[PDB]
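Just one chain is shown here, as structure tokens, and it is the form solved without this ligand.
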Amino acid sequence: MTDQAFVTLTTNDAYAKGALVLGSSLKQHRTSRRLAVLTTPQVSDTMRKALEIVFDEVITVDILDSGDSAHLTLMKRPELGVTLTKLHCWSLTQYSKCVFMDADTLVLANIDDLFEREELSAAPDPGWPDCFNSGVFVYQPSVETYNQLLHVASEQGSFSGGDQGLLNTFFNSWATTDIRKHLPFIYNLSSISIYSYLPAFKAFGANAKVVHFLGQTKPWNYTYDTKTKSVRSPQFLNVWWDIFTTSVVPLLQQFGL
């Protein structure tokens, strides 16, 4: 309850919109857990203030600062900035277990049953199914684990150039051990797989609990007609935008005054 939480990350204003929509969807589906968001100084004060309303806790992380434990690793591998910031989710020891969710995900149903899982539980990644997608995962905050992950990032880095390669390298028993750590694909449904693999989606896609907006074009990069309630050339994108239009935009207007 109080010691369990959903955790996300925003490094800029664009992703803050996603985090705001994500946090709003979790509230909409009545989660009994806390909502936390990791933010960087590059996130504007207005976005930060909106995050303070949606989330129960807003944690500031600045790996560009010499006083950060990951700063030194950043100097060694500067392309891992976002990955190193994300790794700070393991530093949230005020929580006993968390579900990390990237800011480009969207909750369509209550997913509190994920807290029944153990670290590290995650859904299979499309493309290379023997690796888990790092967009949604159940983990246990721990300083020791954080230090071990930083160590791997420093010595080996990431084979994907992002957090997914590093996480799969560290939690390498996932593919061959414990089927319970394989979260069903509906808990992290790739937007690509939906519009791409039609037959499979038509058969199981109605059970989708979480949609992960992948690819270059993010939800906030689309144009949304407020009258017809649809994006321009989409059900999931329309849900994202309905929440953004209904709950997020008017919230951001509260500060103009």
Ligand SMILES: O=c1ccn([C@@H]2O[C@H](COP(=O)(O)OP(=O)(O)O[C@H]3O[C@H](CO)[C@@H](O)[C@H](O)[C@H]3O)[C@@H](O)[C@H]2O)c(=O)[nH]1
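When you see a residue number, it is the position in the sequence shown, counting from 1.
The discussion below concerns the form solved in complex with this ligand, not included here.
Looking at this ligand in the bound PDB entry, residues 164, 212 and 218 each place a heavy atom within 4.5 Å of it. In the bound PDB entry, this ligand sits within 4.5 Å of a heavy atom belonging to residue 15. In the bound PDB entry, residue 82 approaches this ligand with a heavy atom inside 4.5 Å.
In the bound PDB entry, residue 183 stays away from this ligand, with no heavy atom inside 4.5 Å. Residue contact with this ligand in the bound PDB entry: residue 103 places a heavy atom within 4.5 Å of it. Only one of 125-133, 145-153, 90-98, 169-177 places residue heavy atoms within 4.5 angstroms of this ligand in the bound PDB entry, namely 125-133.
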